[PDB]
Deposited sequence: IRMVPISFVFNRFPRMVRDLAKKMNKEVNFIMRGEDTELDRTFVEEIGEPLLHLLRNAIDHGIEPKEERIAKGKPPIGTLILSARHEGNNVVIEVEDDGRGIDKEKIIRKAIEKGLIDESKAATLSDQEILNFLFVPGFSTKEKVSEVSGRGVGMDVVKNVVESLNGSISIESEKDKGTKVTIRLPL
């Protein structure tokens, strides 16, 4: 069991982010931090596709268009950060964007409609719990893209390796997703 820098995976994404950024007419700023931290050849190879998902949404859905984005006083060029820091005995990766932000009450209104939870205990769940509703399958008939990137696939890889994904978000201030990994 042999460890190689997290550079191996991270370095692939910039080309993609640029690619994906250009498809939806959005200019983005991509920052990668902590490339030197190291994980086992296994742990690195798995997370790429999971990480790739989290990046895409930020460009795709996280970062606003210039005209609407320029209005709020935030700089016109959105910023996307992928970082890995070696803290303690756990390896944590984070992806953050200065984006629209996930509207937490939209997730709460979806859990009630679909019966995941009833409304009167909505007060029970914590903000941290609300976004976990992004992890139920099919939270997202006539038409079906035979090809589908789901959020859970990520939750799984993380859960696969004894690891915990998390989502923190603040409407119109941005969202950040975090992946803690052991050893």
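Residues of the deposited sequence with no modelled C-alpha atom fall in a single range, 141-144.
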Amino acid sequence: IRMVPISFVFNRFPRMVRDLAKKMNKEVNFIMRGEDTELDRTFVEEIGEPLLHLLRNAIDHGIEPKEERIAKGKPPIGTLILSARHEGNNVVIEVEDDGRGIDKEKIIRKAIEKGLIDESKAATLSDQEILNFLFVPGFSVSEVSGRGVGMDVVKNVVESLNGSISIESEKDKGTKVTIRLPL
From here on, numbers count along this sequence of modelled residues.
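Under this definition, the rigid core comprises the largest set of C-alpha atoms superposing within 1.5 Å between the forms.
Taken in 5 other deposited structures of this protein and fitted on the core, 151-159 and 49-57 differ in how far their Cα atoms move from the shown form, and the one that moves more is 151-159. Fitting each structure in 5 other deposited structures of this protein onto the rigid core and averaging C-alpha distances over structures and residues, 119-127 emerges as the more displaced of 119-127 and 40-48. Compared against other deposited entries of this protein, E67 counts as consistently modelled, with coordinates in all of those that resolve the residues around it and thus below the third mark. At least a third of the other compared entries skip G146 while keeping the residues on either side.
Legend: mean Cα B-factor per stretch from the PDB entry, 74-82 versus 106-114; the higher mean is in 106-114.
In this entry, 148-156 has the higher mean Cα B-factor, the comparison being between 148-156 and 52-60. Highest CA B-factor among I6, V177, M3, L181, as stated in the entry: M3. The entry lists a Cα temperature factor for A123 that places it in the middle third of the chain's modelled residues. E129 sits in the middle third of its chain by CA B factor, as recorded in the PDB entry. In the PDB entry, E68 places in the highest third of its chain by CA B-factor. Ranked by Cα temperature factor within the chain, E35 sits in the lowest third according to the deposited record. Residue-level temperature factors show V17 in the lowest third of its chain, judged at the C-alpha atom.
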